[PDB]
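K.L.:
Chains as they are written, first to last, in this note's numbering: chain A, 1 to 96; chain B, 97 to 380; chain C, 381 to 475.
Cβ coordinates follow ideal geometry from the N, Cα and C atoms, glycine included.
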Amino acid sequence: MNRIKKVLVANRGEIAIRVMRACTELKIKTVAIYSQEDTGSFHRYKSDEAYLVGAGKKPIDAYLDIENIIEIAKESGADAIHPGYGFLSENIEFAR
Amino acid sequence: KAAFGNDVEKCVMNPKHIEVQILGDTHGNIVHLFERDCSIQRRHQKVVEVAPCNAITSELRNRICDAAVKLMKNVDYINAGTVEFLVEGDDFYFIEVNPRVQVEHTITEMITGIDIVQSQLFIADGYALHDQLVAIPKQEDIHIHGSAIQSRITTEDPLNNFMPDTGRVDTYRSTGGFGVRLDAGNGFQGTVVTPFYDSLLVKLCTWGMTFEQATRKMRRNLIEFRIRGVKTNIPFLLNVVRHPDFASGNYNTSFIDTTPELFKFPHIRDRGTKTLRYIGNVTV
Amino acid sequence: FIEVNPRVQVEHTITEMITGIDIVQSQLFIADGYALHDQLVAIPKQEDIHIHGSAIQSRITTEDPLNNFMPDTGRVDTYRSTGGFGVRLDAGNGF
């Protein structure tokens, strides 16, 4: 696999995990993101790395902190971002 | 306004909700991975999703799929997405478009044989659909093997009107075997379910050469599951899967709601728990 | 030729996965006497039996390769299985 060496999974739960599984099957490093209320969710332990995202934010708002996520994406060295479904999956501003 | 930021079409009678999965590369190659039947819904919320749709004629299926392809080709669509359709008799009609992976993408994976999410990643790296590594065949070469049913075990309790129960899962024992896939969500022994996010514990899909075969495997699996600490929607799903109209394969959006029996649940005693109640009681 | 096993084998799973045919269900139908190609049994005519994909099976065991594969014993304090597309698990003494 060519120009993606590492990927960020801009989601939680079932869908987050499925992506990680895909990446790992393709030798691609994976990065997870978890809200304060999701320090426990096991999707965060299933990645190669993980960072808290929605700091002080309301729990749903936390996975939509677009800007934060990019900073996290940039600091991680993430070549790409997979938004899964729901949350920022369809959000234009983020896509742009 | 309450649901979204912002604040009309001809109503339809007893339609069948059909979606088509689409994959397109950066190199203008677009393919469809056939339909999925999400007609089983509660208050217009998807509950049990099945693919392929048994009750339509192949001629029709291809028409719908080709319709979806034509649309996504028209937009030069890239990566994975889904075109939804409503279907009555032999007339179908566009409904919406989802430019993303869908929850129910598993079943399509199971009948086509194509790993969608792996493909998503290859496409974002730009490879062509039909590259050696990506290994998606030419459309003519894409066929259906069997059928697959997916149901999502959640903490919605049907006695409490599907209020997502919360708490710690003291016991979580999953199932497996031939034609069973599990996609785990917040579903391991230790976990606590918060109410903040959605209720989903694990996605349970089963496959068979014939849908009648898959339904059997789904039945067994649902019974086999042992989850304790929280209420779940299993007893609801069992009733819908047991229902003979479901096994027929002819149902419509109005199939739930129209049938109240599904909401009546067997009054099951576990002799076992009550035995521990006694033993624990006299012990303290 | 080398041998013949008149039974289910451990590795029958993979054949199930490529053919699409539930072997053990079939075993039970046959013992009840139904014909292979009955409606209920739903095994197709040979000409109609094909290969979808390929499947690999491996058996996780307590044989420890550092200790020359002496089956380790004890209590399993943590067992976390996997899943996803194209994964089947047949559980043994594994909870």
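Answer with yes or no whether the minimum CB distance from A/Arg44 to chain C is below 8 angstroms.
P.N.:
Position 44 of the first sequence, counted from the start, is the residue given in the question as residue 44 of chain A. No, no contact with chain C.
K.L.:
Is there a Cβ from chain C that is less than 8 angstroms from the Cβ of A/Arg18?
P.N.:
The residue given as residue 18 of chain A occupies position 18 in the first sequence. Yes, A/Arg18 counts as interfacial toward chain C.
K.L.:
Can you grab the Cα-Cα spacing for the pair residue 117 of chain A / B/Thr153, in whole Å?
P.N.:
A query on residue 117 of chain A cannot be resolved here, the shown segment of chain A reaching from 1 to 96 and no further.
K.L.:
Which value, in whole angstroms, describes the spacing of the CA atoms of A/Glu71 and A/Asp38?
P.N.:
By 1-based counting over the first sequence, the position of residue 71 of chain A is 71. By 1-based counting over the first sequence, the position of residue 38 of chain A is 38. If I take the Cα positions, the gap works out to 20 angstroms.
K.L.:
For C/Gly464, which residues in chain A fall below 7 angstroms Cβ to Cβ?
P.N.:
As a position in the third sequence, residue 464 of chain C is number 84, starting the count at 1. Within chain A, the residues near C/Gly464 are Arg18, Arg21.
K.L.:
Which residue wins for smallest C-alpha separation from C/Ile429, given the options C/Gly400, C/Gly472, C/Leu408, C/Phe465?
P.N.:
Here residue 429 of chain C is taken as the residue at index 49 of the third sequence, counted from 1. Of the candidates C/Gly400, C/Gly472, C/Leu408, C/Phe465, the one whose C-alpha sits nearest the C-alpha of C/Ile429 is C/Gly400.
K.L.:
Cα separation between B/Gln216 and B/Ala176?
P.N.:
Mapped onto the second sequence, residue 216 of chain B falls at position 120. Mapped onto the second sequence, residue 176 of chain B falls at position 80. Rounded to whole angstroms, B/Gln216 to B/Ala176 spans 6 angstroms at the Cα level.
K.L.:
Measure the beta-carbon distance from A/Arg96 to A/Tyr63 and round it to whole angstroms, keeping in mind my assumption that it falls under 8 angstroms.
P.N.:
On the first sequence, residue 96 of chain A is found 96 positions in, with the first residue counted as 1. On the first sequence, residue 63 of chain A is found 63 positions in, with the first residue counted as 1. Wrong, their Cβ atoms sit about 18 angstroms apart, outside the cutoff.
K.L.:
Under a CB-based cut-off of 8 angstroms, is B/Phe218 close to chain C?
P.N.:
Counting from 1 along the second sequence, the entry for residue 218 of chain B is found at position 122. Not one chain C Cβ lies under 8 angstroms of B/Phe218.
K.L.:
Give me the residue from B/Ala280, B/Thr178, B/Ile319, B/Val197 with the minimum Cα distance to B/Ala164.
P.N.:
Taking the first residue of the second sequence as 1, we reach residue 164 of chain B at position 68. Here the closest residue by C-alpha is B/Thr178.
K.L.:
Can you tell me whether DSSP reads B/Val326 as helix, strand or coil?
P.N.:
Taking the second sequence and counting its residues from 1, one reaches residue 326 of chain B at position 230. Coil.
K.L.:
What's the gap between the Cα of B/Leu334 and the Cα of B/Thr250?
P.N.:
For the purposes of this step, residue 334 of chain B is taken as residue 238 along the second sequence, with counting starting at 1. For the purposes of this step, residue 250 of chain B is taken as residue 154 along the second sequence, with counting starting at 1. Going from the Cα of B/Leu334 to the Cα of B/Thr250 covers about 13 angstroms.
K.L.:
Kindly list, in the order they appear in chain A, the residues whose Cβ is closer than 7 angstroms to that of residue 419 of chain B.
P.N.:
This structure leaves residue 419 of chain B out entirely; chain B is present only between 97 and 380.
K.L.:
Under the assumption that B/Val289 contacts B/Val326 (Cβ atoms under 8 angstroms), give the Cβ distance between them as a whole number of angstroms.
P.N.:
Against the second sequence, residue 289 of chain B aligns to sequence position 193. Against the second sequence, residue 326 of chain B aligns to sequence position 230. Correct: roughly 6 angstroms between the Cβ atoms.
K.L.:
Could you tell me which chain C residues have their CB closer than 8 angstroms to the CB of B/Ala280, listed as they occur along the chain?
P.N.:
For this step, residue 280 of chain B is matched to residue 184 along the second sequence. The answer, in chain order, is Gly463.
K.L.:
Beta-carbon of residue 387 of chain B versus every beta-carbon of chain A: anything under 8 angstroms?
P.N.:
The question about residue 387 of chain B has no answer here: the residues shown for chain B are numbered 97 through 380.
K.L.:
Would you kindly check if the distance between the Cβ of B/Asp279 and the Cβ of C/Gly474 is under 8 angstroms?
P.N.:
Looking up residue 474 of chain C in the third sequence gives position 94. Looking up residue 279 of chain B in the second sequence gives position 183. No, the pair does not count as a contact, with Cβ atoms beyond the cut-off.
K.L.:
What residues in the stretch 223 to 243 of chain B have a beta carbon less than 8 angstroms from any beta carbon of chain C?
P.N.:
Result list: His241, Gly242.
K.L.:
Please check the pair B/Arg196 and A/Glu90, which I expect to be a contact at CB under 8 angstroms, by giving their CB distance rounded to whole angstroms.
P.N.:
For this step, residue 196 of chain B is matched to residue 100 along the second sequence. For this step, residue 90 of chain A is matched to residue 90 along the first sequence. Confirmed, about 6 angstroms.
K.L.:
DSSP has A/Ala32 in a bridge; who is on the other side?
P.N.:
Taking the first sequence and counting its residues from 1, the one referred to as residue 32 of chain A is at position 32. Note: A/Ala32 sits in a beta bridge opposite A/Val9, A/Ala50.
K.L.:
Between which two residues does the alpha helix (DSSP H) containing B/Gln216 stretch?
P.N.:
As a working note, residue 216 of chain B is residue 120 in the second sequence. Segment 212 to 220, the alpha helix (DSSP H) holding B/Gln216.
K.L.:
B/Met168 CB to nearest chain C CB: under 8 angstroms?
P.N.:
As a working mapping, residue 168 of chain B is identified with position 72 in the second sequence. By this cut-off, B/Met168 is not an interface position.
K.L.:
Establish whether the CB of A/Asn2 and some CB of chain B are separated by less than 8 angstroms.
P.N.:
Residue 2 of chain A sits at position 2 when you count from the first residue of the first sequence. Yes, contact with chain B.
K.L.:
In chain A, which residues lie with their C-beta within 7 angstroms of the C-beta of B/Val199?
P.N.:
By 1-based counting over the second sequence, the position of residue 199 of chain B is 103. Under the 7 angstroms cutoff, chain A gives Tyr85.
K.L.:
Please give the ranges of any alpha helix (DSSP H) in the stretch 139 to 213 of chain B, keeping only runs that are unbroken, at least 4 residues long and fully inside the region.
P.N.:
Fully enclosed alpha helix (DSSP H) runs of 4 or longer: 154 to 170, 201 to 208.
K.L.:
Please state the DSSP three-state secondary structure of A/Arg44.
P.N.:
Within the first sequence, numbered from 1, the residue matching residue 44 of chain A stands at position 44. Of the three classes helix, strand and coil, the one that applies to A/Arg44 here is coil, per DSSP.
K.L.:
Shortest alpha-carbon distance to C/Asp452 belongs to which of C/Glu443, C/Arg460, C/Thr458, C/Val384?
P.N.:
The count along the third sequence starts at 1 and reaches residue 452 of chain C at position 72. Among C/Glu443, C/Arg460, C/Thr458, C/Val384, the Cα nearest to that of C/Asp452 is on C/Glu443.
K.L.:
Roughly how many whole angstroms lie between the Cα atoms of B/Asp294 and B/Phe321?
P.N.:
Within the second sequence, residue 294 of chain B is the residue found at index 198, counting from 1. Within the second sequence, residue 321 of chain B is the residue found at index 225, counting from 1. Straight-line Cα distance between these residues: approximately 20 angstroms.
K.L.:
Going by Cα to Cα distance, which pick from B/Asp186, B/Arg132, B/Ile245 is closest to B/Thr311?
P.N.:
Translated into the one-based positions of the second sequence, residue 311 of chain B becomes position 215. Of B/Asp186, B/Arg132, B/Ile245, the residue nearest in Cα terms is B/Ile245.
K.L.:
Go through its chain and collect everything with a Cβ distance to C/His432's Cβ below 7 angstroms, but skip five positions before and after it.
P.N.:
Within the third sequence, numbered from 1, the residue matching residue 432 of chain C stands at position 52. Excluding positions up to five away in sequence, the list reads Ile398, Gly400.
K.L.:
Alpha carbon to alpha carbon, what distance is there between C/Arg439 and B/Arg277?
P.N.:
Numbered from its first residue, the second sequence carries residue 277 of chain B at position 181. Numbered from its first residue, the third sequence carries residue 439 of chain C at position 59. Rounded to the nearest angstrom, the two C-alpha atoms are 18 angstroms apart.
K.L.:
Considering only their Cβ atoms, is the gap separating B/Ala220 from A/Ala80 smaller than 8 angstroms?
P.N.:
In the first sequence, counting from the first residue as 1, residue 80 of chain A sits at position 80. In the second sequence, counting from the first residue as 1, residue 220 of chain B sits at position 124. Between A/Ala80 and B/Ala220, the C-beta gap is smaller than 8 angstroms, which places the two residues in contact.
K.L.:
Please classify B/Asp366 as buried or exposed, where buried requires at least 16 other C-beta atoms within 10 Å of its C-beta.
P.N.:
The residue given as residue 366 of chain B occupies position 270 in the second sequence. Flag for B/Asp366 reads exposed.
K.L.:
As a quick exercise: from A/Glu49, A/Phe42, A/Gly40, pick the residue whose alpha carbon is nearest that of A/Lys29.
P.N.:
Here the question's residue 29 of chain A lines up with position 29 in the first sequence. Looking at the Cα atoms, A/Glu49 is the closest of the given residues.
K.L.:
Rounded to the nearest angstrom, how far is the Cβ of B/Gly275 from that of B/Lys313, given a contact under 8 angstroms?
P.N.:
Here residue 275 of chain B is taken as the residue at index 179 of the second sequence, counted from 1. Here residue 313 of chain B is taken as the residue at index 217 of the second sequence, counted from 1. Right, the Cβ-Cβ distance comes to about 5 angstroms (below 8 angstroms), so this counts as a contact.
K.L.:
Looking only at its own chain, which residues have a Cβ that is under 7 angstroms from the Cβ of B/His201, when we skip the five neighbours before and after it?
P.N.:
For this step, residue 201 of chain B is matched to residue 105 along the second sequence. Here the set comprises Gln117, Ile212.
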